[PDB]
């Protein structure tokens, strides 16, 4: 069904081999090699300007929208200034098991040399490493927590697109100028406001210059164009790129061209991801409505949305070799929000919502993450449509409950009107578009490794050493309640090592690594004259990535029913069994696995511990604030860390074997949800899903035959609405066969469009490692409920 233009654009994205680009690396390295005493924030604006002035740019034949990250299709942009892993991990850059990257031409050496070696020891990531105390290094080694935003900028940019779409850069530039002219330096620290406004001005004029570069390219190409239809596309492009982003868009294409330009510019200034694109069906609606009444047909807009979506799919955010194994498929976590409600609470679904969903019906892209906002008065037509496409084309959208999200946000200090205008930076975490500086990556926390360390009263078998504290020798435990307290004591100590590292790191950013473009249109920054790292936003909070709950819940139900009720074994016998990885006593392993109930089967005796753990985690981290004064929130998600962190957790009492992967995110352990998906969501409702203010990341998988047709929607819609009626937040669907997934393993070339939801992002199954593929195939296939 898709247009021929979109079929070629899609093909270029999906099939051009991704090549490492040296434009940015070369030009940034040359700018920072000019000695300077300019203040480092002004220097960084000026380095951004210099890079956008000299980098390569192309306009592909089929493109109606100007701009790519590179000067060729599928360029992979580099950040040797920020990323220290580009030194340690350099040799595997073009041999990865998750991220197919190639050099263009054995200018692998221009980068080995002239650049990565030149930066040795002086990258941002090298500064971040100096903030890690000696005791923390074993903690990081065995995977108790990770050191987030230590090789990326603070990322997670949420531009005020609702207002930017009406104003254009020149509005904010003039604001900074007006701010600058009435501002007095009375105190040394007042220079901060001067630097911030100036830097933001320099950077906004930089992007305008960048757009004018595409306009001139477009215009030269137009002069040599014989096809009248293309000649007109290019004169319209050149005209668009002289109008926008500097000025308000006049047309639907200009509005998309402004948002893309701004998105792209943010992507290139600093290493990082997770920037959102706002509520496209909302801020775009005046343009669709106007030009539609002018005669333009639905497909005019469809092709633009498709090119727009493909602009994002082409982007990369390369991470250290290790984050690329646990984040396989390279999530950008760049959301577009659809549906939800307006300020006054009435339905926000519109015609453009449907136009967009019908595009996804015809062509799905790995990114962006499409975030569909359910609410009680959601248009039923539109809701079921979104269900249709999640099952059919597969991949998107995930589904989100406005009533749960607005509760989280109000509990975080937002007003009702603000809460109604929420989106995501990251996997699933709610936030108020345009007015939040959400830190999605302080790091991850591994409750199960902490438990492992508690089962040995502070020593770690894996790396053999004392890294925790004495929470209590295991023989002294009278009850499940006694071991709960011993855990809470170990959890409290490690939660505080982690928050110390995270607070230190976010503070260091404030003295080394700005993000100017991402500040410009975050509400607060221009008004206060403070970039994001200097507390520019009115709202900061940090989500702790809690790597799973299922294994902890199950190993605690297993200890209660098998150690303290039925007394099948003391606890010293369990550590010996666990230490010895069940070598021999595999009869006993089956006792723990079958004789005690497992999470996700709507079994209150195991389900009671979900409430307990979410609560201790919330309580433990909430005795601190982050380095910008905001709360620490609970998020349950592992991405591929269930596998990678699992590799470092010995045998757990739930029956899980040493080094085997954990459950996936907040879902039950593989094989244990034997009672259908209404029971899985019923189990998650014992967490008190109004508590974790940055969400429970939930994966569900259905057999495509059983959820076929129109009654098949009714099954999915029921499972959904039942989740939401219990304050469920997020639900995420794969409608995929066990057999269909092995066919793509044996014959990847014939199944290069099966799109899987991994965690809070989607990826092409053939792009994923074989180890990660089998971990997605192990997921439970719900046959109904």
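Numbering follows the first chain given and starts at 1.
- Stretches compared: 544-552, 506-514. Higher mean C-alpha B-factor in the entry: 544-552.
- Relative to one another, 769-777 and 10-18 have unequal mean CA B-factors, and 769-777 is the one with the higher figure.
- Note on the listed residues 41, 65, 37, 741: the highest Cα temperature factor in the record is that of 741.
- Among 536, 138, 442, 97, the highest C-alpha B-factor in the deposited entry belongs to 97.
- Residue-level temperature factors show residue 292 in the middle third of its chain, judged at the C-alpha atom.
- Sort the modelled residues of the chain by CA B factor and residue 168 lands in the lowest third.
- In the PDB entry, a CA B factor belonging to the lowest third of its chain's modelled residues is recorded for residue 46.
- In this PDB entry, the Cα temperature factor of residue 403 sits in the middle third of its chain's modelled residues.
- In the PDB entry, a CA B factor belonging to the middle third of its chain's modelled residues is recorded for residue 695.
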